[PDB]
Amino acid sequence: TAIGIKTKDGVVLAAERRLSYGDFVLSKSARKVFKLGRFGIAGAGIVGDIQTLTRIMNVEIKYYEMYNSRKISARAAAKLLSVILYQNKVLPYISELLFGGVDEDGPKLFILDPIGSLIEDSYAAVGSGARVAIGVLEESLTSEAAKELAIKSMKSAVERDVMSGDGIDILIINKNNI
Amino acid sequence: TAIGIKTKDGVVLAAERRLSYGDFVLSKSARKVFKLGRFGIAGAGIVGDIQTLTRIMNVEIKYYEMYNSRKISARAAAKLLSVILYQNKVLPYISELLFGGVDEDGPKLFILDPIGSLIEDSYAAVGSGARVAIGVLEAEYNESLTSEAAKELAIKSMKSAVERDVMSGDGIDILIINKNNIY
Amino acid sequence: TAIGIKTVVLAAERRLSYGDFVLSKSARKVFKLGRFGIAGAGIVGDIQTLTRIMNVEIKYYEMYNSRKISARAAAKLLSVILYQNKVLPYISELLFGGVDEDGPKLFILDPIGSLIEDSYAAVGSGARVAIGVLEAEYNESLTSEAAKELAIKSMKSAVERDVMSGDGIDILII
Amino acid sequence: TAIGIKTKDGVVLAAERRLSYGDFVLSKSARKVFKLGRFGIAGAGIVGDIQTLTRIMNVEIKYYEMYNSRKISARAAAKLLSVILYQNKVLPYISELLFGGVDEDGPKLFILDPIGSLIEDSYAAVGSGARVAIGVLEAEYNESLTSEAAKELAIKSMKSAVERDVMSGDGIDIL
Amino acid sequence: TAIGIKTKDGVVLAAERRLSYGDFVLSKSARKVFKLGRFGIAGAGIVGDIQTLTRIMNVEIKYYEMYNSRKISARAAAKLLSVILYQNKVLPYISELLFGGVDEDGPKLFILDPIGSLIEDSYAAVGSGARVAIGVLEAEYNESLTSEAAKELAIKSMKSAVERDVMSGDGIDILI
Amino acid sequence: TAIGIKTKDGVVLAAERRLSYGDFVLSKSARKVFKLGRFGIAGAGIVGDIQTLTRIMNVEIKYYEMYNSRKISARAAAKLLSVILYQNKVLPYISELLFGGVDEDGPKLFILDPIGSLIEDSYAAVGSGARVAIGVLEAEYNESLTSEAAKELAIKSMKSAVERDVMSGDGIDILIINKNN
Amino acid sequence: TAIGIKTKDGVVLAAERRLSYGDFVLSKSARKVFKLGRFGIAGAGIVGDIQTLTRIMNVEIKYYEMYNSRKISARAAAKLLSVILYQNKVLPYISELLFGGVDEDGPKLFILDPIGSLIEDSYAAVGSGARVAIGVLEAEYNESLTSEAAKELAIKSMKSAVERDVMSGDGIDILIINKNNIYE
Amino acid sequence: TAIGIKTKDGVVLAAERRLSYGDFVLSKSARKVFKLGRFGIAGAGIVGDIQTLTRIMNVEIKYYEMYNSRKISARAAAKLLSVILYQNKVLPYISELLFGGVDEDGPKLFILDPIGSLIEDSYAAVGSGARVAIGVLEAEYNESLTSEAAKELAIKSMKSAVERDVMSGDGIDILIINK
Amino acid sequence: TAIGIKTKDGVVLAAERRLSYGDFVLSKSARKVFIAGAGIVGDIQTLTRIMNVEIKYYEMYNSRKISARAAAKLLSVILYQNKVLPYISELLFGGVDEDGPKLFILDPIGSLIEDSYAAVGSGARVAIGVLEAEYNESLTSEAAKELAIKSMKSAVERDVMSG
Amino acid sequence: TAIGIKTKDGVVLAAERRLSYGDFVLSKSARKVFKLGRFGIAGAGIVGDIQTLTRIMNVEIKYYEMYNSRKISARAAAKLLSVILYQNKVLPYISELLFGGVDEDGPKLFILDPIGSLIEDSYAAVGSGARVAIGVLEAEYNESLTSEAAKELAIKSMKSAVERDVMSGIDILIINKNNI
Amino acid sequence: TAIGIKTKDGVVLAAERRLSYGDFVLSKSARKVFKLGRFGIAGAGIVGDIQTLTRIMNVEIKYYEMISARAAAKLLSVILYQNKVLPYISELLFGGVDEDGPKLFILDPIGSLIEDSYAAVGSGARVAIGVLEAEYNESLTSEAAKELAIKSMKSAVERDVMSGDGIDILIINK
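Rules behind the numbers
Within each chain the first residue of the written sequence is number 1 and the count goes on from 1 in that order, possibly differing from the entry; residues lacking coordinates are omitted. All chains are assigned letters beginning at A, and all ligands numbers beginning at 1, according to the order in which they are written. What is displayed is a subset of a larger assembly, so the values quoted cover only the displayed chains. As a rule here, side-chain values come from all non-hydrogen atoms in the structure, and water together with hydrogens is ignored. Only DSSP runs of H or I reaching four residues or more are called helices, and only runs of E reaching two or more are called strands; each is numbered from the N terminus. Each residue gets one of three labels from its accessible area relative to the maximum for its type: buried under 20%, exposed over 50%, partly exposed in between, using a 1.4 Å probe on protein chains only. Values of accessible area rely on a 1.4 Å probe in the Shrake-Rupley scheme; residue burial ignores everything except the protein chains shown. Positive charges come from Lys and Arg, negative ones from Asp and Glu, while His and the chain ends are left out of the count. In this description, the location of a charge corresponds to atom NZ of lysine, CZ of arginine, CG of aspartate or CD of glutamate. Contacts between residues were defined by any pair of non-hydrogen atoms, one from each residue, lying within 4.5 Å. Using a 1.4 Å probe, buried area is obtained as the accessible area two parts lose upon being combined, added over both of them. Here, a salt bridge means any side-chain nitrogen of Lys or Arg that lies within 4 Å of a carboxyl oxygen of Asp or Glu. Here a polar contact means two N or O atoms within 3.5 Å. Within protein one must be a hydrogen donor candidate and the other an acceptor candidate, and residues neighboring in sequence count only if both atoms are side-chain atoms. Distance thresholds for patches are 9 Å for like charges and 5 Å for nonpolar side chains (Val, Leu, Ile, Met, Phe, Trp, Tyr), applied to residues having over 30% relative accessible area and no salt bridge. The pairing criterion for strands is at least two bridges between them, as found by DSSP. Only centres within 6.5 Å qualify two rings of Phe, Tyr or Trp (six-membered ring in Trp) as a pair; their planes then separate them into stacked at under 30 degrees, edge-to-face at over 60, and tilted for everything else. Geometrically, a charge over a ring is one whose NZ (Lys) or CZ (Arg) sits within 6 Å of the ring centre while staying within 35 degrees of the ring normal. Only C-alpha atoms enter the line fits that serve as axes; for helices the fit covers just the stretch in contact. Angles between N-to-C directions range over 0 to 180 degrees. When an angle is under 35 degrees it counts as roughly parallel; over 145 it counts as roughly antiparallel; between 65 and 115 it counts as roughly perpendicular; any other value is oblique. Note: crossing handedness is left-handed where the near helix turns anticlockwise from the far helix by less than a right angle, and right-handed where it turns clockwise. Put simply, the grid is 1 Å and covers the protein atoms alone, a cavity is a trapped set of points that fit a 1.4 Å probe, a pocket is an open set with protein on both sides within 12 Å along at least five of seven lines, and lining residues have an atom within 4 Å of a point. Grid points are joined across faces, edges and corners, and a volume is the space filled by probe spheres set on the points.

Per the PDB record, the structure was determined using X-ray crystallography to 3.6980 Å resolution.

Encoded structure:
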């Protein structure tokens, strides 16, 4: 479970903090939301694929940024991450991802598949309880009101999905704040 | 998930109130602990098999009680329930059960399989999170307990099973059987 | 079965059984690396070769960069070692425990290579049973030898209720 | 796991008291040894089949004893129990059994399969750790034993099966 | 079937001499115990994997002894043999092995899996009738044995495995 | 493993005394040779099917003998046993059988399948090591034998099957069918 | 079907001359016994694997004999053939083989599997009717035989396998192998 | 393997006497040709099905002959045997059969399947080596044969099937059926 | 279906000219005699062409023509190197050398067999039956032609895949 | 292989006489065309199902004809045979059938499936080579034919199926007015 | 479905113009007949394999020319045969006229070359060859064989579900 909400003021991301293999909870504290620089990503699936994609993307974000000195935007990093997922089509990174940032064009939110398909959409959820959470979600918002909408939708997914626990990490992309 | 704890002069039963088919919770309030009269049962598995077994056993407890002028002993109702489970071995009632009561011989607690095997034991758990809950019971066990201390032990073990089993959850029903009353 | 408790205390079984038959009553599943210790469950040969590879590459890092390796660094290294062989995964779930200048650190590793930081954990067959005991009695302000006693109670519960675990249990204090 | 030992006048039975479905122990106290009169039986497998076979055989032991007025001989109850196992060949009672008693012919010990094959042997074990336990019996079985020395032999063999078979591993009763 | 017994003065190994594919015995004389110096190994499984492992390990024991001036230790040859088993994990040498030797640290006995897991234990058995034979060992095992009393214990345990295992019988191979 | 040898003097049957499920021996003493009275049978396969077929055939031998006052022809008991095996074709008695007796027509030896096919033959073996044992019989069998020479041939052939078949055991049971015993 | 018998004098090999695919005989004359010079091999299984192993081993026998100036010991050719079978474990030569020769150590007989396991034994049979034929050998063998008496034992055992195995049949190819000469 | 040859003198049947389960011969003397009186049958397949079909057909031939007081035509016994095979379609008698006899209409030879299909033909073979044996028959067939010349043709065809089929061979049983 | 017959002086080969995939005839005129074998047509055609090239190979280098035994061992190795993906075709190889008439049977694995009379393919069972009835070692070339016509005609009447 | 041709005067049926199980011909003379009375049937599939259906239908034709004094209209015998095929849906008679006759309504030709579906048509083929044979029928087929010209069309179509189908390898019966 | 008919001194080719995946027609106009200079080919199967074989063969015809029908057929048999592991899933008809005379050829996805006159290929080929087997002549004219190809293809249209609605014809008289 992971939720992104697109506001005029920015992009809000939030996801669970639970990992369970099979029917058994291994950890009540597994971070599924990660911040780099200005952008936040958060996804669901196997944790190791998501963690290595946060680390690979952090390296190559620094690659372009030390090369150009003009920080990358959201679309540029999205197409990069779509190619990184797509080159390994034979052995796919088993993870659906949400990519969120704010550019000079405006706030941008992105949906990525394990094959590497890039989708623009305003509001989205990804994972086990995503069905339930998008139901709660189903254009003129504020950043902290969208936080409260994300808490309501994530709380609904907690009550009705067996794989989504607590944690409910919240992250606010602004152009203005960490 | 369902837990029975045997105390000297009393049996404590407790189980979840959560039903989920697949990966999706259909109901936050599904009763898995039932009282019959003299005695109480609680099990885990498919809900419809458990409910029809509460109803069939309720009927035949009244059958024995109206005829033979003696009240039911827990061993007699257990052997009856083992035969009812065992006659339908070809199409088994998919449910593991805990049978709890108090007779003149003393407190009695019973474990039942879908085939119909009867086991005498002091403490037991049944279902998805039973592994986790018996762990808590295996830490804190004495033969010399009180009824309300065993209530708190059942709350601790069921709370551990809530935090670490995906199939268990929201709510806990507790039936308390001292020799005097059953509430 | 293997248990880590963050105060870091690690403890695991010493029993190996293939199928329904015990081959050995003395199979070490806890290994020392200086001020580090790991312990895991699964196939023994994957765990032993991972103790040996990680010992070599800890010495690799320590001889080049001239300081003691961070537990996070050895964990991220071990996640890559598990992850490069995704086609033929090292069939073993691992617990990584150490103390750095940032503080005590405990880590959970999967055969794919996912890194998790948690306070208390168990891994293996009887882990379900053992985490139950830990969930009943764990909070954040413990001492090292009281957590040893908690690990003896939790591992003993897993001995009585898991067919794959039992016999003796190793205990390490970090 | 269940062990029978034949002594020149007397039969010793012993078995586990642990039931585990899958990799998880449901009960530390599951009776697998039963008494039916002057003699007794004990087997391994599914518990419900064993319990209903103790009860059915108990009923029909009383059947023969009431109607024919003489007592069950152990060969007669064994051939009866082989037919009870054999009529249900389509849906077999999933349980291997040890039948032990003493007749005027002498001590008699019997092995029964879920199909219903009857075997008379001196020493036997049945179940998961039976392989291990029969090893202990083959080291130290001789035809001239006493009852309580064979009790100690049964404790040694069952203790070996406890340490090297993951199935059971609790108290062991002795008949 | 192969049995190792650890005594305070040394290590005793013993195994079958029977090979049967399917339900049919091809040979009444198939050696499954091999001597490599002061090192005995003996294992069970496919014979060709065991035979090629005796020859490869014999070569590389000579490799270490010629290059690294000292003689070789049993822990070193065991870790070597674990790596040899582990490099071929994709196509595993289908054989469970017992590695036995004596070093200056003392008597050492070792169990190896086709994946390559190394285990130190006092007494062990490996193969079809190993279940039966370890039963005999679990009955009367003392840490304080003599070499020839442990020989007689190995004969009793191997004889039990002969009478109750269809795959192992009529073999007299005892190494120390 | 079970061997029948047809002599002019009579019929000799012999079989193992070993039962092993899987790779593990359950019993060193499992009787696979049974005498019905005038007749003797011995077969291989599942033991429970063989034991219940000895008992059923013993009952129906007594059935025929009490109603007809003629003793049973070995051909008659064989055709009866073929029908008993054949009626249960859906759930076959998993056992190959050797039927041996002596009639006024002479010595008769019979092979039965779990389906119920009846074969008359001089020498035969049935079971796991039967392949090995028939080799010995195919080397050194004659039509003109004596009863005790065929006993020694059966010990040689059964011992060869013991040494080269993992299912066969040490137990050896010998039953010579010739008017007496 | 192929039979080797170890005598104090030498080693005797004999096998069928019948090939049948499925339930149908393609050839009444298929040689399954081959001489390599100074000794012989004979096996059962797929014919093409056996034929290419006779040719490969003949080449590499000539390889060893032209270099090292000493003639070949049967143990060396056996260990060589075990490695040749073992290198192709992924695609095994589907053939069980009997390797027979006489060295200065004495007469030597060898059993080889498609994986490449080498077994030393006195008497052996390999193939479909090997079960039957080893039965005859297990009844009638002794350690003190002569070469031509062991020939007669091989005829009896192969004749039993002809009468009781569907995959074997008419024709027999006996080798007698000695230090002095080699007979057919 | 079983061979029937239709002559305008009589019907000749011949088949093997070998039974092998798997790759191993159980018996060198297993009768697969049976005579029912004036006529005879012979087939291949499982032996127990063939033997019980010889016994059932023998019983019901006596059934028809005792009630109707007249001899049995081969067409009638063939249609009877086709119904007996066909009623048990769920659990088929696993056996292909050759039915041969002579009626007042003339010599008659019949092929039966385990389902129960009846075929009229002159020459036929049934079983493992039947392919080989019909080859010999397809080379040396004539409508105008004698009884003993067709015997030699059956020996040649069965001998070819002995040399080229692993499941057949050993001895050969022949029973002439002129009148 | 393909038949080779070894006579005192000469080898006679004959085979069908029918190809049917499944239950349906695609062609009434498919040449299977060039050597002659049965199986998939494309494997046989490329083996006639490859062997023709390498027959010309040996003849242009070594002053002396191929002996039929040499071309058979060559063709056995060509079949055997591709054991992983076998040329799905059973072949009959027939020629005359100075040693005498030689006839050869080849499997898709590459096993070489020397016999007198042989058949290969669907109706080979039927045709070998005819050969087993009426063969002698002392035949003439044109009498063996008539024997091959009789055996192939029996296989035509009794095999659905030939014609 | 079996072919029916509907002409304005009568119905022509023709089929093979070859039975092969697997890849091997058991018989060069296996009748797959049967005459019942005023009319006839012919089908393809398992021979035993076809033979028992000819015999059952012959019995019940005599059943209807003795109780009702009237020979059966082909539609009535077709609906009967469709019910006979349909009652045994659990264990289907594995055979596709062609039913041909002439009534006072005119010439009638019928196609039957093992389930029991009845189809009215003009020209049809059934079995292995039916694909090939229907091609010949589809080439030039007028509604206005004569009986013996349709015989030659059936010989041409069956001969095409013989040359191009391995399972086939001719019995033809004419049915016009009251002269078979 | 595709039909070639060999007349006196000319090859006539004709095939469908229908493509349907599954039970659904995607296109009523899919060209399955292609012309290459002095001659032409037409086949059935997967369309992409046939189209890439027309283009590859066109390239190598220009390669050799910078021609006989037997040579281009043996080339196409080798092109089909080199890719035996991943076969071009397409059965082809190759038709042309050389100085030896008119030549018609059948190719399999393995690459077997067969020389014959009239012969269909594809789904309805069974039906269409039936029409051809009825009105056989070795002595035909080019336009009478056109009418025979239209009759046979029309029969295959009416009785095959994977054929019809479009029919293109190439004449290799010139």
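Student: So, the overall build of chain K: which residues are in play, and what are the values?
Tutor: Tallying secondary structure elements over chain K gives 4 helices and 11 strands in all. Referenced to the eigenvectors of the C-alpha coordinate spread, the extents of chain K come out at roughly 45 × 40 × 25 Å. Taking all 174 residues of chain K together, the buried fraction comes to 52%. Accessible surface, chain K as shown: approximately 8,300 Å² in total, 54% of it carbon and sulfur. Between the mean site of the 21 positive side-chain charges and the mean site of the 22 negative ones, chain K shows a separation of 4 Å.

Student: Pulling in residues and values, what's your account of the interface of chain C and chain A?
Tutor: On the side of chain A, 20 residues touch chain C, which itself brings 21 residues to the contact. Each partner contributes to the roughly 1,600 Å² buried at the junction of chain C and chain A, and carbon and sulfur atoms together form 53% of this total. Across the chain C-chain A interface, the total number found is 3 salt bridges. Viewed at the interface, chain A and chain C are joined by 7 residue pairs in polar contact. Counting only elements with at least two residues in the side of chain C that touches chain A, the list comes to α2 (71-84), β9 (115-117) and α3 (127-137) of chain C.

Student: I'd like to hear about a positive patch on the surface, residue by residue, with values.
Tutor: On the surface, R75 and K79 of chain B together with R17, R31 and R55 of chain D cluster together into a patch of positive charge. Relative accessible area serves as the criterion here: at 31%, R55 of chain D is assigned to the partly exposed category.

Student: Tell me about the side chain of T1 of chain I, residues and numbers included.
Tutor: Here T1 of chain I is to be found in the segment before β1 (2-7). Side-chain polar atoms of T1 of chain I contact the side chain of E16 of chain I, separated by 2.8 Å.

Student: Can you explain the pairing of strand β6 (residues 39-45) of chain A? Please cite residues and give values.
Tutor: Residues and elements named next belong to chain A. In terms of residue burial, β6 counts as a mostly covered element, since 6 of its 7 residues are buried. Pairing of strand β5 (residues 33-36) with β6 involves 4 bridges; the strand directions are antiparallel. Residue pairing in the sheet places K35 in a bridge with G40 of β6. Linking β5 to β6, which pair antiparallel, is a turn of 2 residues; within it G37 sits at a positive phi near 55°. Bridging between β6 and strand β7 (residues 95-102) involves 6 bridges; their strand directions are antiparallel. Across the sheet, residue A44 finds its bridge partner in β7, namely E96.

Student: Would you mind going over the packing of aromatic side chains in detail, with residue names and values included?
Tutor: Within this structure, the stated rule accounts for 41 aromatic pairs over all chains. With a centroid separation of 4.5 Å and 45° between ring planes, the pair formed by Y57 of chain I and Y61 of chain I is classed as tilted. In this pair, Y57 of chain I and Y61 of chain I both sit in helix α1 (residues 41-61), 4 residues apart, roughly one turn of the helix. This pair shows no difference in class: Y57 of chain I is exposed, exactly as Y61 of chain I is. Through successive ring pairs, a cluster of aromatic residues spans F39, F99 and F110 of chain A. Above the ring of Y141 of chain B, the side-chain terminus of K28 of chain D is found at 5.9 Å from the ring centroid. For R38 of chain F, the ring lying beneath its charged end belongs to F39 of chain F, and the centroid distance is 5.0 Å.

Student: Please provide a residue-by-residue account of the packing of helix α2 (residues 74-87) of chain D against helix α1 (residues 47-68) of chain F, values included.
Tutor: Two packed helices can be described by the angle between their axes and the distance between those axes. Between α2 of chain D and α1 of chain F, the shortest axis-to-axis distance is 12 Å and the interhelical angle comes to 115°. With respect to each other, α2 of chain D and α1 of chain F are oriented roughly perpendicular. Remark: the crossing between α2 of chain D and α1 of chain F carries left-handed chirality. Here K79, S82, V83 and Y86 of chain D of α2 of chain D lie close against α1 of chain F, whose contacting residues are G48, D49, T52 and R55 of chain F.

Student: An account of unusual backbone geometry is needed here, citing residue identities and associated values.
Tutor: One can expect most non-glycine residues to show negative phi and most peptide bonds to be in trans. With a phi close to 55°, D9 of chain B is a non-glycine residue in the positive phi region. Within the secondary structure, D9 of chain B sits in the loop between β1 (2-7) and β2 (10-15). On the accessibility criterion, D9 of chain B (29% relative accessible area) is partly exposed. Backbone geometry places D167 of chain C, a non-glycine residue, at a positive phi of 50°. Here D167 of chain C lies in the loop between α4 (144-161) and β11 (169-173).

Student: A description of the sheet that holds strand β11 (residues 169-173) of chain A should follow, citing residues and the corresponding values.
Tutor: Residues and elements named next belong to chain A. Across the sheet, 4 strands lie side by side as β10-β1-β2-β11; this open sheet has antiparallel pairing. Strands at the two margins of the open sheet, each flanked by one partner only, are β10 (123-126) and β11. For this sheet, the mean angle separating the axes of adjacent strands, direction not counted, is 10°. Sheet topology places strand β2 (residues 11-15) next to β11; 5 bridges connect them, and they run antiparallel. Along β11, the bridge assignment pairs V11 with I173. Contacts from helix α3 (residues 130-137) reach β1 (2-6) and β10, with the element oriented near 160° to β10.

Student: How would you summarise empty space enclosed by the protein if you had to cite specific residues and measurements?
Tutor: Size it by volume and the largest cavity reaches roughly 50 Å³. Lining the largest cavity, in full, are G48, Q51, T52 and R55 of chain E together with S82, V83, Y86, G116 and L118 of chain G. Going through the elements one at a time, α1 (47-67) of chain E together with α2 (74-87) of chain G are the ones with two or more residues in the lining of the largest cavity. Sorting elements by how many residues they give to the lining of the largest cavity places α1 of chain E first, with 4 residues.

Student: Quick one: what's the story with helix α3 (residues 125-134) of chain K, residue by residue and with numbers?
Tutor: Since one α-helical turn is 3.6 residues long, residues separated by three or four positions face the same way. With 9 of 10 residues buried, α3 of chain K is to be regarded as a mostly interior element. Within α3 of chain K, burial applies to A125, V127, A128, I129, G130, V131, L132, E133 and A134 of chain K. In this structure, the buried side of α3 of chain K is in contact with β4 (24-27) of chain I, α3 (130-139) and α4 (147-164) of chain J together with β1 (2-6), β10 (119-121) and α4 (142-159) of chain K.

Student: Explain the pattern of salt bridges residue by residue, including any values.
Tutor: A side chain with one charge can pair with a side chain of the opposite charge if their charged atoms come near. Applying the stated criterion across every chain yields a total of 104 salt bridges over all chains. The closest approach of N and O atoms between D105 of chain E and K108 of chain E, which form a salt bridge, is 3.6 Å. By relative accessible area, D105 of chain E is classed as exposed at 64%. As a salt-bridge pair, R17 of chain J and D171 of chain J come within 2.3 Å of each other at their nearest N and O atoms. Members of the salt-bridge network, linked through shared partners, are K25 of chain C, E163 and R164 of chain D together with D121 and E138 of chain E.

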